[PDB]
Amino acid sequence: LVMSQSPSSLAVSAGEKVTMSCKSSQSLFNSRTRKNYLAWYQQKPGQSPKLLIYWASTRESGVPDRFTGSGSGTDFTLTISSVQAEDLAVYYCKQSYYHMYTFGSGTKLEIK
């Protein structure tokens, strides 16, 4: 199961919006539970990954709603409105539909 993310790098100004794509090589949508097993992670310089969103669009506790996730099947997207300096990080999507989880290439985000 291949996970393709993009773009590779994003350099934007504070307050602008960015959207990043994560394509799975297989539907992560389960007809039974009605859930896409796709999660989005934020990884700040040197730290461990912070779960941002799970089930494609459900935010974790305390995650600001500037972060929006969406999509189903194979095409997913993560939206970050009004980017802040604190968002400086690499964002990774992870599938948890199969026994063995898979991460994406990741998308680096820098704030000018």
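Residue positions are given as counts along the sequence shown, with the first one as 1.
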* Report the stretch with the higher mean CA temperature factor, choosing between 93-101 and 15-23 on the basis of the entry. => 93-101
* Higher-scoring stretch by recorded Cα B factor average, 31-39 or 81-89 -> 31-39
* Asked: How does residue 64 rank on Cα B-factor within its chain, lowest, middle or highest third?
  -> lowest
* residue 72's Cα B-factor: lowest, middle or highest third of the chain? -> middle
